[PDB]
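A.B. asks: Contents are PDB, C-alpha atoms (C1' of nucleotides) and all ligand atoms; file name my_file_28.pdb:
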ATOM      1  CA  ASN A  15    -185.380  23.953 -52.564
ATOM      2  CA  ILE A  16    -181.772  24.082 -51.335
ATOM      3  CA  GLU A  17    -180.183  27.525 -51.137
ATOM      4  CA  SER A  18    -178.929  30.134 -48.675
ATOM      5  CA  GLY A  19    -181.096  32.358 -46.521
ATOM      6  CA  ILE A  20    -181.373  34.955 -43.779
ATOM      7  CA  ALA A  21    -183.031  34.962 -40.360
ATOM      8  CA  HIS A  22    -185.038  37.746 -38.719
ATOM      9  CA  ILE A  23    -185.088  37.931 -34.917
ATOM     10  CA  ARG A  24    -187.474  40.237 -33.039
ATOM     11  CA  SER A  25    -186.682  40.148 -29.318
ATOM     12  CA  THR A  26    -188.937  42.385 -27.226
ATOM     13  CA  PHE A  27    -189.868  42.618 -23.555
ATOM     14  CA  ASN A  28    -192.749  40.153 -23.989
ATOM     15  CA  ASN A  29    -191.997  37.634 -26.738
ATOM     16  CA  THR A  30    -189.428  36.530 -29.314
ATOM     17  CA  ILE A  31    -190.039  35.543 -32.943
ATOM     18  CA  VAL A  32    -187.600  33.856 -35.326
ATOM     19  CA  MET A  33    -188.374  34.281 -39.028
ATOM     20  CA  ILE A  34    -186.319  32.327 -41.566
ATOM     21  CA  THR A  35    -186.614  33.580 -45.128
ATOM     22  CA  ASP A  36    -184.847  33.518 -48.476
ATOM     23  CA  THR A  37    -182.473  36.211 -49.730
ATOM     24  CA  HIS A  38    -185.369  38.311 -51.067
ATOM     25  CA  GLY A  39    -187.859  37.932 -48.221
ATOM     26  CA  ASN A  40    -189.905  34.831 -49.051
ATOM     27  CA  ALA A  41    -190.959  32.869 -45.983
ATOM     28  CA  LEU A  42    -189.606  29.394 -45.238
ATOM     29  CA  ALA A  43    -190.210  28.642 -41.551
ATOM     30  CA  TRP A  44    -190.924  30.454 -38.306
ATOM     31  CA  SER A  45    -191.398  29.823 -34.605
ATOM     32  CA  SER A  46    -192.002  31.856 -31.472
ATOM     33  CA  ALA A  47    -192.017  31.376 -27.718
ATOM     34  CA  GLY A  48    -195.806  31.328 -27.899
ATOM     35  CA  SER A  49    -195.811  28.422 -30.355
ATOM     36  CA  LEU A  50    -193.555  26.337 -28.081
ATOM     37  CA  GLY A  51    -196.210  26.227 -25.348
ATOM     38  CA  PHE A  52    -195.341  29.212 -23.153
ATOM     39  CA  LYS A  53    -198.247  31.368 -22.023
ATOM     40  CA  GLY A  54    -197.396  34.507 -20.069
ATOM     41  CA  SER A  55    -194.392  36.121 -18.418
ATOM     42  CA  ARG A  56    -192.272  33.084 -19.303
ATOM     43  CA  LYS A  57    -192.572  33.967 -22.998
ATOM     44  CA  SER A  58    -189.763  36.512 -22.622
ATOM     45  CA  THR A  59    -187.218  34.430 -20.708
ATOM     46  CA  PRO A  60    -183.961  33.577 -22.528
ATOM     47  CA  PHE A  61    -184.802  29.872 -22.291
ATOM     48  CA  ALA A  62    -187.966  30.433 -24.331
ATOM     49  CA  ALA A  63    -185.908  32.067 -27.079
ATOM     50  CA  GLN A  64    -183.415  29.190 -27.176
ATOM     51  CA  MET A  65    -186.182  26.685 -27.933
ATOM     52  CA  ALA A  66    -187.802  29.089 -30.402
ATOM     53  CA  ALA A  67    -184.606  29.486 -32.420
ATOM     54  CA  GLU A  68    -183.964  25.731 -32.480
ATOM     55  CA  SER A  69    -187.474  24.854 -33.661
ATOM     56  CA  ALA A  70    -187.148  27.253 -36.588
ATOM     57  CA  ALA A  71    -183.598  26.059 -37.263
ATOM     58  CA  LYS A  72    -184.579  22.389 -37.494
ATOM     59  CA  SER A  73    -187.460  23.228 -39.826
ATOM     60  CA  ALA A  74    -184.995  25.265 -41.891
ATOM     61  CA  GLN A  75    -182.650  22.317 -42.470
ATOM     62  CA  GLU A  76    -185.567  20.333 -43.899
ATOM     63  CA  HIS A  77    -185.560  22.634 -46.917
ATOM     64  CA  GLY A  78    -181.771  22.647 -46.718
ATOM     65  CA  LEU A  79    -179.574  25.685 -46.164
ATOM     66  CA  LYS A  80    -176.290  26.419 -44.428
ATOM     67  CA  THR A  81    -175.356  30.121 -44.509
ATOM     68  CA  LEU A  82    -177.367  32.768 -42.667
ATOM     69  CA  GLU A  83    -177.374  36.510 -42.120
ATOM     70  CA  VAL A  84    -179.015  37.520 -38.839
ATOM     71  CA  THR A  85    -180.986  40.735 -38.363
ATOM     72  CA  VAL A  86    -181.831  41.785 -34.806
ATOM     73  CA  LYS A  87    -184.634  44.083 -33.663
ATOM     74  CA  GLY A  88    -186.084  45.135 -30.346
ATOM     75  CA  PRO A  89    -184.682  45.650 -26.848
ATOM     76  CA  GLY A  90    -185.440  42.147 -25.568
ATOM     77  CA  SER A  91    -183.134  39.915 -23.566
ATOM     78  CA  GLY A  92    -183.232  36.997 -26.016
ATOM     79  CA  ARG A  93    -180.744  38.398 -28.536
ATOM     80  CA  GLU A  94    -177.774  36.399 -27.269
ATOM     81  CA  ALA A  95    -179.668  33.188 -26.499
ATOM     82  CA  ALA A  96    -181.361  33.021 -29.903
ATOM     83  CA  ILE A  97    -178.276  33.459 -32.091
ATOM     84  CA  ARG A  98    -176.115  30.811 -30.418
ATOM     85  CA  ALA A  99    -178.952  28.303 -30.801
ATOM     86  CA  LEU A 100    -178.686  28.711 -34.578
ATOM     87  CA  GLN A 101    -174.972  27.883 -34.444
ATOM     88  CA  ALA A 102    -175.508  24.853 -32.193
ATOM     89  CA  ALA A 103    -177.977  23.488 -34.765
ATOM     90  CA  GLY A 104    -175.122  23.135 -37.259
ATOM     91  CA  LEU A 105    -175.347  26.369 -39.270
ATOM     92  CA  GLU A 106    -172.955  29.273 -39.774
ATOM     93  CA  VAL A 107    -173.714  32.868 -38.796
ATOM     94  CA  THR A 108    -172.090  35.073 -41.421
ATOM     95  CA  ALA A 109    -173.103  38.442 -39.965
ATOM     96  CA  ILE A 110    -175.104  40.125 -37.208
ATOM     97  CA  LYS A 111    -177.255  43.161 -38.001
ATOM     98  CA  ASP A 112    -179.190  45.582 -35.789
ATOM     99  CA  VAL A 113    -182.310  46.980 -37.444
ATOM    100  CA  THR A 114    -184.041  48.705 -34.532
ATOM    101  CA  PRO A 115    -185.933  51.604 -36.204
ATOM    102  CA  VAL A 116    -184.650  54.813 -34.633
ATOM    103  CA  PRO A 117    -186.722  57.821 -35.770
ATOM    104  CA  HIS A 118    -185.319  61.282 -36.399
ATOM    105  CA  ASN A 119    -187.619  62.819 -33.779
ATOM    106  CA  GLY A 120    -190.860  61.835 -35.485
ATOM    107  CA  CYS A 121    -194.120  60.779 -33.847
ATOM    108  CA  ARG A 122    -194.510  61.379 -30.122
ATOM    109  CA  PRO A 123    -194.575  58.333 -27.831
ATOM    110  CA  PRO A 124    -197.354  57.268 -25.456
ATOM    111  CA  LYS A 125    -197.282  58.873 -22.026
ATOM    112  CA  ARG A 126    -195.336  57.488 -19.089
ATOM    113  CA  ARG A 127    -196.762  54.873 -16.753
ATOM    114  CA  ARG A 128    -197.985  55.571 -13.209
ATOM    115  CA  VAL A 129    -198.788  59.160 -14.161
TER     116      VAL A 129
ATOM    117  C1'   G B   1    -182.783 131.684 -15.082
ATOM    118  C1'   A B   2    -179.738 133.902 -19.408
ATOM    119  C1'   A B   3    -175.287 134.193 -22.537
ATOM    120  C1'   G B   4    -170.917 131.342 -24.160
ATOM    121  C1'   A B   5    -166.951 127.102 -23.963
ATOM    122  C1'   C B   6    -165.445 121.629 -23.494
ATOM    123  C1'   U B   7    -165.662 116.087 -24.192
ATOM    124  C1'   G B   8    -165.164 111.136 -19.741
ATOM    125  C1'   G B   9    -172.279 110.603 -20.750
ATOM    126  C1'   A B  10    -175.335 109.766 -25.152
ATOM    127  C1'   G B  11    -175.519 109.210 -30.514
ATOM    128  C1'   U B  12    -173.538 109.212 -35.927
ATOM    129  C1'   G B  13    -169.406 107.940 -39.256
ATOM    130  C1'   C B  14    -165.396 104.146 -40.756
ATOM    131  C1'   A B  15    -163.301  98.637 -40.530
ATOM    132  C1'   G B  16    -164.548  93.804 -38.813
ATOM    133  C1'   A B  17    -167.529  89.464 -36.130
ATOM    134  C1'   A B  18    -170.912  86.064 -34.134
ATOM    135  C1'   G B  19    -175.771  84.317 -33.465
ATOM    136  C1'   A B  20    -182.044  78.095 -32.955
ATOM    137  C1'   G B  21    -183.775  86.945 -33.283
ATOM    138  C1'   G B  22    -188.525  87.611 -36.571
ATOM    139  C1'   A B  23    -192.038  87.144 -41.072
ATOM    140  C1'   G B  24    -192.887  84.839 -46.116
ATOM    141  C1'   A B  25    -192.048  80.969 -50.131
ATOM    142  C1'   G B  26    -190.215  76.319 -51.368
ATOM    143  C1'   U B  27    -187.664  71.560 -50.613
ATOM    144  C1'   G B  28    -185.261  66.674 -47.646
ATOM    145  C1'   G B  29    -184.426  61.952 -44.924
ATOM    146  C1'   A B  30    -185.331  58.530 -41.140
ATOM    147  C1'   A B  31    -189.956  56.628 -38.430
ATOM    148  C1'   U B  32    -195.323  55.572 -37.236
ATOM    149  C1'   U B  33    -200.314  54.547 -39.608
ATOM    150  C1'   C B  34    -203.464  53.046 -43.613
ATOM    151  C1'   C B  35    -204.000  50.705 -48.623
ATOM    152  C1'   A B  36    -202.638  46.861 -52.831
ATOM    153  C1'   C B  37    -199.896  42.482 -54.096
ATOM    154  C1'   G B  38    -196.039  38.068 -53.340
ATOM    155  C1'   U B  39    -194.113  34.261 -49.282
ATOM    156  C1'   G B  40    -196.374  31.572 -44.571
ATOM    157  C1'   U B  41    -198.573  29.175 -40.501
ATOM    158  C1'   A B  42    -201.247  29.601 -35.651
ATOM    159  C1'   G B  43    -200.850  32.579 -32.793
ATOM    160  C1'   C B  44    -200.063  38.072 -31.799
ATOM    161  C1'   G B  45    -200.511  41.880 -28.260
ATOM    162  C1'   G B  46    -200.431  43.018 -22.926
ATOM    163  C1'   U B  47    -199.359  42.701 -17.348
ATOM    164  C1'   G B  48    -196.745  42.400 -10.822
ATOM    165  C1'   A B  49    -200.077  38.306 -12.618
ATOM    166  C1'   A B  50    -204.097  38.421 -16.047
ATOM    167  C1'   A B  51    -208.158  39.572 -19.100
ATOM    168  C1'   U B  52    -210.700  42.821 -22.805
ATOM    169  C1'   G B  53    -208.721  43.216 -28.079
ATOM    170  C1'   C B  54    -206.684  41.479 -33.010
ATOM    171  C1'   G B  55    -206.282  36.405 -36.121
ATOM    172  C1'   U B  56    -207.966  30.446 -40.223
ATOM    173  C1'   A B  57    -212.926  35.841 -43.870
ATOM    174  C1'   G B  58    -205.203  34.093 -42.603
ATOM    175  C1'   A B  59    -203.151  37.722 -38.451
ATOM    176  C1'   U B  60    -198.103  38.792 -36.195
ATOM    177  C1'   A B  61    -193.580  38.394 -39.352
ATOM    178  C1'   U B  62    -191.499  39.509 -44.177
ATOM    179  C1'   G B  63    -190.347  41.809 -49.521
ATOM    180  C1'   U B  64    -192.212  45.500 -53.082
ATOM    181  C1'   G B  65    -195.023  49.873 -54.225
ATOM    182  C1'   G B  66    -198.649  54.096 -53.128
ATOM    183  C1'   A B  67    -201.198  58.100 -49.859
ATOM    184  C1'   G B  68    -201.063  61.463 -45.997
ATOM    185  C1'   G B  69    -199.977  64.260 -41.609
ATOM    186  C1'   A B  70    -196.862  65.877 -37.480
ATOM    187  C1'   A B  71    -191.874  66.526 -35.189
ATOM    188  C1'   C B  72    -186.772  67.531 -36.889
ATOM    189  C1'   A B  73    -181.722  61.501 -34.771
ATOM    190  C1'   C B  74    -175.894  62.717 -34.463
ATOM    191  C1'   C B  75    -174.010  68.081 -34.347
ATOM    192  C1'   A B  76    -175.707  69.629 -28.766
ATOM    193  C1'   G B  77    -172.398  72.453 -25.209
ATOM    194  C1'   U B  78    -174.484  75.772 -16.375
ATOM    195  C1'   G B  79    -173.187  76.777 -25.463
ATOM    196  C1'   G B  80    -175.931  81.084 -28.500
ATOM    197  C1'   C B  81    -179.926  84.901 -29.641
ATOM    198  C1'   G B  82    -184.177  88.063 -27.797
TER     199        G B  82
HETATM  200 MG    MG C   1    -198.297  50.764 -23.764
HETATM  201 MG    MG C   2    -168.464 106.798 -27.862
HETATM  202 MG    MG C   3    -182.896  83.206 -38.536
HETATM  203 MG    MG C   4    -187.424  82.472 -38.229
HETATM  204 MG    MG C   5    -190.575  57.363 -45.630
HETATM  205 MG    MG C   6    -201.931  35.982  -9.090
HETATM  206 MG    MG C   7    -197.735  43.559 -43.861
HETATM  207 MG    MG C   8    -180.268  90.196 -23.385
END
What would you get if you wrote out this structure as structure tokens?
Ligand SMILES: [Mg+2]
Ligand SMILES: [Mg+2]
Ligand SMILES: [Mg+2]
Ligand SMILES: [Mg+2]
Ligand SMILES: [Mg+2]
Ligand SMILES: [Mg+2]
Ligand SMILES: [Mg+2]
Ligand SMILES: [Mg+2]
C.D. replies:
Amino acid sequence: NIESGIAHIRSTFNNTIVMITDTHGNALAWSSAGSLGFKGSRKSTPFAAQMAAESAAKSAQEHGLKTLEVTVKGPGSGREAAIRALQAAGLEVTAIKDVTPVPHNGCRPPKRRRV
RNA sequence: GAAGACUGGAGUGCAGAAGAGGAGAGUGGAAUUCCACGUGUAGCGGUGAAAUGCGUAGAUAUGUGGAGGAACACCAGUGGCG
């Protein structure tokens, strides 16, 4: 029940999700700006991410772990706010990874807005 | 108009070069979607704000595997070819 683990962060233009999992992708705890009581446009603010990271971090310590590897996805603004909340909860960030899925000119995207 | 002559036009020969020029056959890797199975809990998604929609019949997230189709990240350049 006590081990190491890795954290997945998905920061987009609407919401942020922090997923805390084992080395081989087995879920331990998660939280999101929606689950902290935010409803609409305020889901995406950096403050909402800072609470979301802390709530998952505290529930992570209950199982007991210290070292983390952080993977980052999405273009959201909560990348910086979320990671430093993990450190301020008493854990160590070993590495930072960017896993935004760039395609090699694959499927075409939805049309532009106001067209 | 007719009979001859020439090589600065035009074309052939000889030695090199570059190119996303065209048609046919086969193959590759990212990524999206769907399907099956682990972990897991209450939201996800979306907007100027919202709502319709999806989710406790267990979603979003995450790890593994399978199927299929379309376009070819960097190179890439008032660069190239017709
Ligand atoms: Mg859209
Ligand atoms: Mg000549
Ligand atoms: Mg060719
Ligand atoms: Mg061709
Ligand atoms: Mg693939
Ligand atoms: Mg209003
Ligand atoms: Mg899934
Ligand atoms: Mg020409």
A.B. asks: Residues of chain A within 8 Å of chain B, counting only C-alpha atoms (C1' of nucleotides), what are they? List them as a compact mmCIF listing (two decimals) with C-alpha atoms, in the coordinates of the input.
C.D. replies:
# COMPACT_ATOMS: atom_id res chain seq x y z
CA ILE A 31 -190.04 35.54 -32.94
CA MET A 33 -188.37 34.28 -39.03
CA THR A 35 -186.61 33.58 -45.13
CA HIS A 38 -185.37 38.31 -51.07
CA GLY A 39 -187.86 37.93 -48.22
CA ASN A 40 -189.90 34.83 -49.05
CA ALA A 41 -190.96 32.87 -45.98
CA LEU A 42 -189.61 29.39 -45.24
CA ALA A 43 -190.21 28.64 -41.55
CA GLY A 48 -195.81 31.33 -27.90
CA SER A 49 -195.81 28.42 -30.36
CA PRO A 115 -185.93 51.60 -36.20
CA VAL A 116 -184.65 54.81 -34.63
CA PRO A 117 -186.72 57.82 -35.77
CA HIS A 118 -185.32 61.28 -36.40
CA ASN A 119 -187.62 62.82 -33.78
CA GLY A 120 -190.86 61.84 -35.48
CA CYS A 121 -194.12 60.78 -33.85
CA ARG A 122 -194.51 61.38 -30.12
A.B. asks: Could you check the closest approach to residue 73 in chain A for each of A:103, A:96, A:59, A:53 and tell me which residue wins, using all atoms listed in the file?
C.D. replies: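 Closest to residue 73 in chain A, using all atoms listed in the file: A:103.
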A.B. asks: In Å, with one decimal, what is the gap from CA of residue 54 in chain A to CA of residue 28 in chain A?
C.D. replies: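 CA of residue 54 in chain A sits 8.3 Å away from CA of residue 28 in chain A.
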A.B. asks: Measuring atom to atom with all atoms listed in the file, identify which of A:87, A:50, A:44, A:95 is nearest to residue 70 in chain A.
C.D. replies: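 Among the listed residues, A:44 lies closest to residue 70 in chain A.
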A.B. asks: When you count only C-alpha atoms, which of these residues is closest to residue 88 in chain A: A:55, A:20, A:63, A:112?
C.D. replies: A:112
A.B. asks: Please tabulate, as CSV, the residues of chain B that come within 12 Å of ligand MG 8 (chain C), each with its closest pair of atoms and the distance in Å to one decimal, counting all atoms listed in the file and ordering rows by chain, then residue number upward.
C.D. replies:
residue,atom,partner,partner_atom,distance
B:21,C1',C:MG8,MG,11.0
B:80,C1',C:MG8,MG,11.3
B:81,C1',C:MG8,MG,8.2
B:82,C1',C:MG8,MG,6.3
A.B. asks: Okay, now the selection with C-alpha atoms (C1' of nucleotides), as a PDB file, keeping the file's coordinate frame?
C.D. replies:
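Final output, out_18.pdb:
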ATOM      1  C1'   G B  21    -183.775  86.945 -33.283  1.00  0.00           C
ATOM      2  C1'   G B  80    -175.931  81.084 -28.500  1.00  0.00           C
ATOM      3  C1'   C B  81    -179.926  84.901 -29.641  1.00  0.00           C
ATOM      4  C1'   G B  82    -184.177  88.063 -27.797  1.00  0.00           C
TER       5        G B  82
END
A.B. asks: Show me which residues line ligand MG 3 (chain C), defined as having an atom within 9 Å of a ligand atom where only C-alpha atoms (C1' of nucleotides) and all ligand atoms count, and present them as a list in words.
C.D. replies: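 The neighbouring residues of ligand MG 3 (chain C) are, in order, residues 19, 20, 21 and 22 of chain B.
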A.B. asks: Starting from the PyMOL selection byres (((chain A and resi 68) around 10) and not hetatm), expand the selection into actual residues of this file and give them as a PyMOL selection string.
C.D. replies: chain A and resi 32+45+63-67+69-74+96-103
A.B. asks: Could you give me the residues within 9 Å of ligand MG 2 (chain C), counting all atoms listed in the file, as an MDAnalysis selection string?
C.D. replies: chainID B and resid 9:11
A.B. asks: With 3 Å on each side, where is the centre of the axis-aligned box around all listed atoms of range 2-16 of chain B, and how long are its edges in Å to one decimal, as AutoDock Vina command-line options?
C.D. replies:
--center_x -171.5 --center_y 114.0 --center_z -30.1 --size_x 22.4 --size_y 46.4 --size_z 27.3
A.B. asks: Neighbours of ligand MG 1 (chain C) within 9 Å, counting only C-alpha atoms (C1' of nucleotides) and all ligand atoms, as number ranges by chain?
C.D. replies: A: 124-127; B: 46
A.B. asks: What's the 8 Å shell around residue 89 in chain A, counting all atoms listed in the file, without same-chain residues fewer than 4 positions away, as a list in words?
C.D. replies: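 The contact residues come out as residues 25, 26 and 27 of chain A.
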A.B. asks: Nearest to ligand MG 4 (chain C): which of B:3, B:23, B:67, B:15 is it, counting only C-alpha atoms (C1' of nucleotides) and all ligand atoms?
C.D. replies: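 Smallest separation from ligand MG 4 (chain C) among the options: B:23.
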A.B. asks: One decimal, Å: what's the distance from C1' of residue 25 in chain B over to atom MG of ligand MG 4 (chain C), could you say?
C.D. replies: 12.9 Å
A.B. asks: Name the residues that the PyMOL selection byres (((chain B and resi 35) around 12) and not hetatm) picks from the file above, as JSON, numbers by chain, using the file's chain letters and numbers.
C.D. replies: {"B": [33, 34, 36, 37, 65, 66, 67, 68]}
A.B. asks: Could you write range 40-71 of chain A as a tab-separated table (two decimals), in the coordinates of the input, with N, CA and C atoms rebuilt where they are missing?
C.D. replies:
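Output (out.tsv):
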chain	number	residue	atom	x	y	z
A	40	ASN	N	-188.83	35.79	-48.85
A	40	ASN	CA	-189.90	34.83	-49.05
A	40	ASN	C	-189.85	33.80	-47.94
A	41	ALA	N	-190.96	33.62	-47.24
A	41	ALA	CA	-190.96	32.87	-45.98
A	41	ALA	C	-190.65	31.39	-46.19
A	42	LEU	N	-189.88	30.83	-45.27
A	42	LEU	CA	-189.61	29.39	-45.24
A	42	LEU	C	-190.13	28.73	-43.98
A	43	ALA	N	-189.75	29.22	-42.80
A	43	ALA	CA	-190.21	28.64	-41.55
A	43	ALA	C	-190.10	29.69	-40.46
A	44	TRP	N	-190.93	29.53	-39.43
A	44	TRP	CA	-190.92	30.45	-38.31
A	44	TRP	C	-191.36	29.73	-37.04
A	45	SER	N	-190.97	30.31	-35.91
A	45	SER	CA	-191.40	29.82	-34.60
A	45	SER	C	-191.29	30.97	-33.62
A	46	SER	N	-192.00	30.83	-32.50
A	46	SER	CA	-192.00	31.86	-31.47
A	46	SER	C	-192.23	31.19	-30.13
A	47	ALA	N	-191.86	31.91	-29.06
A	47	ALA	CA	-192.02	31.38	-27.72
A	47	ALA	C	-193.46	31.02	-27.42
A	48	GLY	N	-194.41	31.70	-28.06
A	48	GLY	CA	-195.81	31.33	-27.90
A	48	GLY	C	-196.12	29.97	-28.50
A	49	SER	N	-195.53	29.67	-29.66
A	49	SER	CA	-195.81	28.42	-30.36
A	49	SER	C	-195.11	27.22	-29.74
A	50	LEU	N	-194.21	27.43	-28.79
A	50	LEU	CA	-193.56	26.34	-28.08
A	50	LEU	C	-194.25	25.98	-26.78
A	51	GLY	N	-195.40	26.59	-26.49
A	51	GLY	CA	-196.21	26.23	-25.35
A	51	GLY	C	-196.16	27.18	-24.17
A	52	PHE	N	-195.38	28.25	-24.24
A	52	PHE	CA	-195.34	29.21	-23.15
A	52	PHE	C	-196.51	30.18	-23.26
A	53	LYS	N	-196.98	30.65	-22.10
A	53	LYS	CA	-198.25	31.37	-22.02
A	53	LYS	C	-198.08	32.84	-21.66
A	54	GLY	N	-197.40	33.14	-20.56
A	54	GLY	CA	-197.40	34.51	-20.07
A	54	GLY	C	-196.03	35.14	-19.92
A	55	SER	N	-195.66	35.45	-18.68
A	55	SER	CA	-194.39	36.12	-18.42
A	55	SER	C	-193.20	35.29	-18.87
A	56	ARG	N	-193.36	33.97	-18.90
A	56	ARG	CA	-192.27	33.08	-19.30
A	56	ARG	C	-192.07	33.04	-20.81
A	57	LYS	N	-192.85	33.82	-21.57
A	57	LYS	CA	-192.57	33.97	-23.00
A	57	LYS	C	-191.25	34.67	-23.24
A	58	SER	N	-190.89	35.62	-22.38
A	58	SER	CA	-189.76	36.51	-22.62
A	58	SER	C	-188.45	36.02	-22.03
A	59	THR	N	-188.45	34.90	-21.32
A	59	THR	CA	-187.22	34.43	-20.71
A	59	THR	C	-186.24	33.95	-21.79
A	60	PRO	N	-184.93	34.04	-21.53
A	60	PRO	CA	-183.96	33.58	-22.53
A	60	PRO	C	-184.11	32.11	-22.89
A	61	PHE	N	-184.58	31.28	-21.97
A	61	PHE	CA	-184.80	29.87	-22.29
A	61	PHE	C	-185.85	29.72	-23.38
A	62	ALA	N	-186.92	30.52	-23.32
A	62	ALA	CA	-187.97	30.43	-24.33
A	62	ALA	C	-187.43	30.77	-25.71
A	63	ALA	N	-186.51	31.73	-25.79
A	63	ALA	CA	-185.91	32.07	-27.08
A	63	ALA	C	-185.06	30.92	-27.61
A	64	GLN	N	-184.32	30.24	-26.73
A	64	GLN	CA	-183.42	29.19	-27.18
A	64	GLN	C	-184.18	28.05	-27.84
A	65	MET	N	-185.31	27.65	-27.26
A	65	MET	CA	-186.18	26.68	-27.93
A	65	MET	C	-186.76	27.25	-29.22
A	66	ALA	N	-187.17	28.52	-29.22
A	66	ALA	CA	-187.80	29.09	-30.40
A	66	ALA	C	-186.85	29.11	-31.58
A	67	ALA	N	-185.59	29.47	-31.34
A	67	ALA	CA	-184.61	29.49	-32.42
A	67	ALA	C	-184.35	28.08	-32.95
A	68	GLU	N	-184.25	27.10	-32.05
A	68	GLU	CA	-183.96	25.73	-32.48
A	68	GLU	C	-185.10	25.15	-33.32
A	69	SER	N	-186.34	25.39	-32.91
A	69	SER	CA	-187.47	24.85	-33.66
A	69	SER	C	-187.50	25.40	-35.08
A	70	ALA	N	-187.23	26.69	-35.25
A	70	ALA	CA	-187.15	27.25	-36.59
A	70	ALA	C	-185.93	26.73	-37.33
A	71	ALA	N	-184.81	26.54	-36.62
A	71	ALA	CA	-183.60	26.06	-37.26
A	71	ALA	C	-183.78	24.65	-37.81
